[PDB]
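Listing of structure_5.cif; format and content: mmCIF, C-alpha atoms.
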data_run
#
loop_
_atom_site.label_atom_id
_atom_site.label_comp_id
_atom_site.auth_asym_id
_atom_site.auth_seq_id
_atom_site.Cartn_x
_atom_site.Cartn_y
_atom_site.Cartn_z
CA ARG W 17 -17.15 -1.17 14.65
CA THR W 18 -16.51 -2.37 11.03
CA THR W 19 -16.17 1.01 9.34
CA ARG W 20 -13.52 3.53 10.45
CA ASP W 21 -12.47 6.48 8.37
CA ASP W 22 -10.46 8.43 10.97
CA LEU W 23 -7.79 9.65 8.50
CA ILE W 24 -10.32 10.82 5.87
CA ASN W 25 -12.43 12.48 8.55
CA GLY W 26 -9.57 13.73 10.68
CA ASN W 27 -8.54 17.36 11.13
CA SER W 28 -5.10 18.21 9.86
CA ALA W 29 -4.73 20.74 12.65
CA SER W 30 -5.12 17.98 15.24
CA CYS W 31 -3.29 15.01 13.74
CA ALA W 32 -3.05 11.77 15.68
CA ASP W 33 0.47 10.55 16.52
CA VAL W 34 -0.13 7.07 15.05
CA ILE W 35 -2.18 6.22 11.91
CA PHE W 36 -3.18 2.60 11.25
CA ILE W 37 -4.30 1.62 7.74
CA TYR W 38 -5.88 -1.82 7.48
CA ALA W 39 -7.22 -3.92 4.58
CA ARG W 40 -9.95 -6.53 5.21
CA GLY W 41 -10.33 -10.00 3.74
CA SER W 42 -12.49 -11.17 0.87
CA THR W 43 -16.23 -10.67 1.22
CA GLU W 44 -15.85 -8.97 4.64
CA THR W 45 -18.01 -5.99 5.65
CA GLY W 46 -17.32 -2.32 6.24
CA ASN W 47 -13.71 -1.48 5.66
CA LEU W 48 -12.31 -3.36 8.70
CA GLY W 49 -14.07 -6.75 8.45
CA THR W 50 -13.78 -9.30 11.26
CA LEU W 51 -10.24 -8.76 12.64
CA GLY W 52 -9.71 -5.00 12.22
CA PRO W 53 -12.04 -3.86 15.12
CA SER W 54 -10.16 -6.04 17.65
CA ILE W 55 -6.82 -4.58 16.69
CA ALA W 56 -8.25 -1.06 16.69
CA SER W 57 -9.71 -1.30 20.25
CA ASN W 58 -6.32 -2.39 21.62
CA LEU W 59 -4.48 0.40 19.75
CA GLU W 60 -6.93 2.94 21.22
CA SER W 61 -6.26 1.56 24.71
CA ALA W 62 -2.53 2.02 24.22
CA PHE W 63 -2.40 5.46 22.55
CA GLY W 64 -5.77 6.88 23.59
CA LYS W 65 -8.70 7.71 21.27
CA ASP W 66 -7.14 10.96 20.14
CA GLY W 67 -3.65 9.42 19.83
CA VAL W 68 -4.41 6.97 17.01
CA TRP W 69 -6.43 7.24 13.82
CA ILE W 70 -7.75 3.98 12.43
CA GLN W 71 -8.49 3.86 8.73
CA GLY W 72 -9.81 0.89 6.78
CA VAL W 73 -9.22 0.57 3.04
CA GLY W 74 -12.60 1.15 1.46
CA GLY W 75 -13.43 3.05 -1.78
CA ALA W 76 -12.39 1.00 -4.81
CA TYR W 77 -11.34 -1.98 -2.65
CA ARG W 78 -14.31 -4.27 -3.06
CA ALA W 79 -12.57 -7.31 -1.49
CA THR W 80 -13.89 -9.51 -4.28
CA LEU W 81 -12.88 -13.17 -3.76
CA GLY W 82 -12.00 -13.84 -7.43
CA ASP W 83 -9.35 -11.06 -7.37
CA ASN W 84 -7.14 -13.33 -5.25
CA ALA W 85 -6.27 -14.99 -8.55
CA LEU W 86 -4.93 -11.85 -10.20
CA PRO W 87 -1.04 -11.44 -10.52
CA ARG W 88 -0.50 -9.49 -7.29
CA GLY W 89 -3.29 -11.28 -5.40
CA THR W 90 -5.66 -8.27 -5.66
CA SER W 91 -6.77 -5.72 -8.27
CA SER W 92 -4.81 -2.72 -9.56
CA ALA W 93 -7.72 -0.49 -8.49
CA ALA W 94 -7.43 -1.75 -4.90
CA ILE W 95 -3.65 -1.07 -4.80
CA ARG W 96 -4.29 2.48 -6.09
CA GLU W 97 -6.80 3.01 -3.23
CA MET W 98 -4.40 1.87 -0.45
CA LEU W 99 -1.50 3.78 -2.02
CA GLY W 100 -3.74 6.90 -1.98
CA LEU W 101 -4.47 6.45 1.75
CA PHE W 102 -0.75 6.20 2.61
CA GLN W 103 -0.20 9.35 0.51
CA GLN W 104 -3.08 11.15 2.28
CA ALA W 105 -1.58 10.20 5.68
CA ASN W 106 1.79 11.51 4.64
CA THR W 107 0.33 14.80 3.42
CA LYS W 108 -2.21 15.46 6.17
CA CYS W 109 0.08 14.35 9.08
CA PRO W 110 3.78 14.34 8.13
CA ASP W 111 5.01 13.61 11.68
CA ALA W 112 2.76 10.65 12.41
CA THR W 113 4.17 7.14 12.68
CA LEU W 114 2.28 4.74 10.37
CA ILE W 115 1.46 1.11 10.95
CA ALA W 116 -0.41 -1.23 8.58
CA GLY W 117 -2.12 -4.57 8.41
CA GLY W 118 -4.22 -6.87 6.28
CA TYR W 119 -6.00 -10.16 6.26
CA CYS W 120 -5.91 -12.66 3.36
CA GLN W 121 -6.56 -10.60 0.14
CA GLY W 122 -6.04 -7.54 2.33
CA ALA W 123 -2.58 -8.91 3.35
CA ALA W 124 -1.67 -9.29 -0.37
CA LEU W 125 -3.02 -5.74 -0.91
CA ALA W 126 -0.93 -4.37 2.02
CA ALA W 127 2.19 -6.14 0.59
CA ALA W 128 1.59 -4.90 -2.99
CA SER W 129 0.91 -1.34 -1.80
CA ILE W 130 3.97 -1.21 0.43
CA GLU W 131 6.19 -2.60 -2.35
CA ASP W 132 5.00 0.17 -4.69
CA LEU W 133 5.16 2.98 -2.20
CA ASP W 134 7.54 5.85 -2.42
CA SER W 135 10.45 4.93 -0.17
CA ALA W 136 10.14 8.01 2.07
CA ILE W 137 6.55 7.08 3.03
CA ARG W 138 7.28 3.29 3.21
CA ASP W 139 10.06 4.06 5.71
CA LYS W 140 7.53 5.69 8.07
CA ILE W 141 5.54 2.41 8.45
CA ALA W 142 7.04 1.23 11.72
CA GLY W 143 5.38 -2.22 11.63
CA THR W 144 3.01 -4.29 9.47
CA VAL W 145 0.94 -7.35 10.49
CA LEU W 146 -0.31 -9.82 7.91
CA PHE W 147 -2.83 -12.60 8.77
CA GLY W 148 -3.44 -15.52 6.36
CA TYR W 149 -1.00 -13.93 3.91
CA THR W 150 -1.90 -15.31 0.44
CA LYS W 151 1.56 -14.56 -0.95
CA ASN W 152 3.42 -16.11 2.04
CA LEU W 153 5.12 -18.92 0.12
CA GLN W 154 5.69 -16.87 -3.03
CA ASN W 155 7.31 -13.97 -1.18
CA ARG W 156 9.02 -16.24 1.38
CA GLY W 157 7.26 -14.60 4.33
CA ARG W 158 8.36 -11.03 3.42
CA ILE W 159 6.91 -7.85 1.98
CA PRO W 160 9.17 -6.79 -0.98
CA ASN W 161 11.37 -3.78 -0.19
CA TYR W 162 10.36 -3.73 3.49
CA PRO W 163 12.51 -4.96 6.44
CA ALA W 164 11.90 -8.32 8.05
CA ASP W 165 12.10 -6.88 11.57
CA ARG W 166 9.13 -4.59 10.84
CA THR W 167 7.01 -7.45 9.45
CA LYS W 168 4.99 -10.01 11.44
CA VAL W 169 3.13 -12.78 9.59
CA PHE W 170 0.44 -14.88 11.26
CA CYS W 171 -0.06 -18.02 9.13
CA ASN W 172 -1.81 -20.93 10.83
CA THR W 173 -0.82 -24.57 10.25
CA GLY W 174 -3.32 -25.93 7.70
CA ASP W 175 -4.28 -22.48 6.35
CA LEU W 176 -3.64 -23.47 2.75
CA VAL W 177 -3.34 -19.88 1.47
CA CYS W 178 -0.05 -19.66 3.41
CA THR W 179 1.36 -22.62 1.51
CA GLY W 180 0.72 -21.46 -2.09
CA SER W 181 -2.93 -22.45 -2.58
CA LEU W 182 -6.18 -20.43 -2.65
CA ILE W 183 -8.36 -23.07 -0.94
CA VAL W 184 -10.11 -21.77 2.20
CA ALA W 185 -10.05 -24.34 5.03
CA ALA W 186 -11.06 -23.93 8.73
CA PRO W 187 -7.57 -22.67 10.04
CA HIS W 188 -8.03 -19.60 7.81
CA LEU W 189 -10.87 -18.43 10.07
CA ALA W 190 -8.96 -18.85 13.31
CA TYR W 191 -7.01 -15.59 13.55
CA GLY W 192 -9.27 -14.00 16.24
CA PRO W 193 -6.79 -14.71 19.17
CA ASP W 194 -3.92 -13.20 17.17
CA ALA W 195 -5.86 -10.04 16.35
CA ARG W 196 -6.75 -9.66 20.04
CA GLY W 197 -3.25 -10.11 21.47
CA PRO W 198 0.03 -10.66 19.59
CA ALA W 199 -0.76 -8.52 16.50
CA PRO W 200 -1.61 -5.25 18.46
CA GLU W 201 1.24 -6.17 20.85
CA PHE W 202 3.72 -6.20 17.92
CA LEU W 203 2.35 -2.94 16.45
CA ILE W 204 2.49 -1.10 19.82
CA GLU W 205 6.03 -2.37 20.44
CA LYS W 206 7.19 -1.18 16.99
CA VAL W 207 5.62 2.29 17.44
CA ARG W 208 7.14 2.72 20.93
CA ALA W 209 10.55 1.51 19.60
CA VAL W 210 10.74 4.64 17.43
CA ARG W 211 8.10 6.72 19.24
CA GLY W 212 4.79 8.43 17.86
CA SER W 213 4.93 12.26 16.96
#
Would you write the structure of this file as structure tokens?
Amino acid sequence: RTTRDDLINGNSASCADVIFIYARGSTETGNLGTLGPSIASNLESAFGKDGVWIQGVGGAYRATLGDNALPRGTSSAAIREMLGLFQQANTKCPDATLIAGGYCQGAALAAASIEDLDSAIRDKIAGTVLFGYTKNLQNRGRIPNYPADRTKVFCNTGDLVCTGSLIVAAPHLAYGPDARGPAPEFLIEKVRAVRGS
């Protein structure tokens, strides 16, 4: 439901083929918030329960609203937490294909983490989905150092955070359809394009 720690809890001797690491939006609960569970259920349907590990970014990521204003759109402590989960995935399951996602502050966190990542781990993230990406205008719809074809950004018309502001208006809360359909569709297509483990 809103908390999933499959990578932290998972046995190294029985690694999943696909590991999904997801960062929630500001003030959301658990470590998956409102959109993460929808994506996770569809990934489990596609790869099976034992085929995919879903891992939310918890720990030091507090998803505090005011941290949207910081230079990278989140705190340094939160970036260190998500970087540590990508490193744990890489160590515990070296042959797994990774996929990532984030909503609002969590999309800025996913972009900042992926930019800072060691290139050999970054290159294993087959696809990343970003909803209500707060650095969309500033980064021109991209994640620094990461290919455009592996990125999909969902930014609604009238969601002001996509156009350089930090005002929260009603379109910002309307990503439920995307999380149920096109975002898991893109992630599954990018994993099958390369394959799994």
Skipping near chain neighbours, those fewer than 2 positions away, what residues fall within 8 Å of residue 188 (chain W) using all atoms listed in the file, listed as a list in words?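 Non-adjacent residues within range: residues 148, 172, 174, 175, 176, 177, 184, 185, 186, 190 and 191 of chain W.
Closest approach to residue 114 (chain W) among W:29, W:94, W:70, W:171: W:70, based on only C-alpha atoms.
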Find the residues with any atom within 6 Å of (-14.8, -2.4, 8.1); use only C-alpha atoms and the coordinates as given in the file, and write the answer as a ChimeraX atom specification. /W:18-19,45-49
Using the chain letters and residue numbers of this document, give as a ChimeraX atom specification the residues selected by the PyMOL selection byres ((chain W and resi 161) around 10). /W:127,130-133,135,138-139,158-160,162-164
If the PyMOL selection byres ((chain W and resi 87) around 12) is run on the structure shown, which residues does it catch, given as a PDB file with C-alpha atoms, in the frame of the given file?
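Output below, filename expr04.pdb:
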ATOM      1  CA  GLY W  82     -12.000 -13.840  -7.430  1.00  0.00           C
ATOM      2  CA  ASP W  83      -9.350 -11.060  -7.370  1.00  0.00           C
ATOM      3  CA  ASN W  84      -7.140 -13.330  -5.250  1.00  0.00           C
ATOM      4  CA  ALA W  85      -6.270 -14.990  -8.550  1.00  0.00           C
ATOM      5  CA  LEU W  86      -4.930 -11.850 -10.200  1.00  0.00           C
ATOM      6  CA  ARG W  88      -0.500  -9.490  -7.290  1.00  0.00           C
ATOM      7  CA  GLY W  89      -3.290 -11.280  -5.400  1.00  0.00           C
ATOM      8  CA  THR W  90      -5.660  -8.270  -5.660  1.00  0.00           C
ATOM      9  CA  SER W  91      -6.770  -5.720  -8.270  1.00  0.00           C
ATOM     10  CA  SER W  92      -4.810  -2.720  -9.560  1.00  0.00           C
ATOM     11  CA  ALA W 124      -1.670  -9.290  -0.370  1.00  0.00           C
ATOM     12  CA  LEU W 125      -3.020  -5.740  -0.910  1.00  0.00           C
ATOM     13  CA  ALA W 128       1.590  -4.900  -2.990  1.00  0.00           C
ATOM     14  CA  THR W 150      -1.900 -15.310   0.440  1.00  0.00           C
ATOM     15  CA  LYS W 151       1.560 -14.560  -0.950  1.00  0.00           C
ATOM     16  CA  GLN W 154       5.690 -16.870  -3.030  1.00  0.00           C
TER      17      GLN W 154
END
